[PDB]
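Below is one structure, written out as structure tokens; the observations come after it.
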Amino acid sequence: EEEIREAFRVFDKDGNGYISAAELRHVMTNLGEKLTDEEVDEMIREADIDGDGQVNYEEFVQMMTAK
Amino acid sequence: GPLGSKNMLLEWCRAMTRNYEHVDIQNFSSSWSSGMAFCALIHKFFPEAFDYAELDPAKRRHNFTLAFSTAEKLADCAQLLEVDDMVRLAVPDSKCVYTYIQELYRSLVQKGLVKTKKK
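Protein chains in written order, with the working numbering: chain Z, 1443 to 1509; chain U, 13 to 131.
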């Protein structure tokens, strides 16, 4: 499970839990997930992206580990 | 190098560094020891905050207070750093600065401040 956290931790060079939506998508595709771009955007549209600018990856990690 | 959270804010702040003098942000530590870096950033978003040209590097004692207080007064920024602490240490931690700018950035974007360039 920690592999998912570490994957984002590589991008997060401070360990805060907030990254960009662009980098987020890059990590998801880096993990080799079996989800399509459409599905990524589906979840993205149900999250905060074009609002504050910093997307919390923790929410995605938990969601992924639940499904 | 796009693979790095700190890289995003680095280029972001560095972009404004080209519009200033006596200030050079090489890293989120030594380059912030001048104090002016904080005021420069705040002044860029809030021109009516204070006069950057009237600020002296020797006024560091008031510089930090001016930056923090004004940012918290006009943008309710989270005071994660202190004037005494920063002056006493001289060199702040990159994580502390990152987190400070992090929430600040978010607060500015959610208030439609950073989104000053559409396409």
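Ideal Cβ placement from N, Cα and C applies to all residues, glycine included.
DSSP three-state assignment for residue i, whether helix, strand or coil
i, result
"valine 99 of chain U", "helix"
"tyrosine 32 of chain U", "coil"
"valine 1497 of chain Z", "strand"
"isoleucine 1461 of chain Z", "strand"
"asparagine 19 of chain U", "helix"
"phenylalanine 50 of chain U", "helix"
"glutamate 1448 of chain Z", "helix"
Nonlocal neighbours in the same chain, by C-beta distance under 8 Å from residue i, ignoring five residues either side
i, result
"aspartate 88 of chain U", "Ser119"
"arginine 26 of chain U", "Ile37"
Residues near residue i in its chain [Cβ-Cβ closer than 7 Å; skip 5 each side]
i, result
"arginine 1451 of chain Z", "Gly1457"
"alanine 61 of chain U", "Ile54, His55, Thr82 and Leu86"
"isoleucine 1491 of chain Z", "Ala1463 and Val1497"
"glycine 1459 of chain Z", "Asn1498, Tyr1499 and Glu1500"
"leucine 67 of chain U", "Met48, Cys51 and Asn75"
Cutoff 6 Å; reference residue i; Cβ partners in own chain excluding five residues on either side
i, result
"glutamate 1465 of chain Z", "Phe1453"
- [ ] Please name the residues in the segment 1448-1460 of chain Z whose beta-carbon is closer than 9 Å to at least one beta-carbon of chain U, in chain order.
- [x] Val1452, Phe1453, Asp1454, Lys1455, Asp1456, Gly1457, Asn1458 and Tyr1460
TODO: Using a Cβ-Cβ cut-off of less than 9 Å, list which residues of the segment 102-128 of chain U approach chain Z; keep chain order.
DONE: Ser106, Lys107, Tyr110, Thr111, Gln114, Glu115, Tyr117, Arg118, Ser119, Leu120, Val121, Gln122, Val126 and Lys127
- [ ] May I ask you to list, following chain order, the residues of the segment 1475-1506 of chain Z that have a beta carbon less than 7 Å from some beta carbon of chain U?
- [x] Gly1493, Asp1494, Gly1495 and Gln1496
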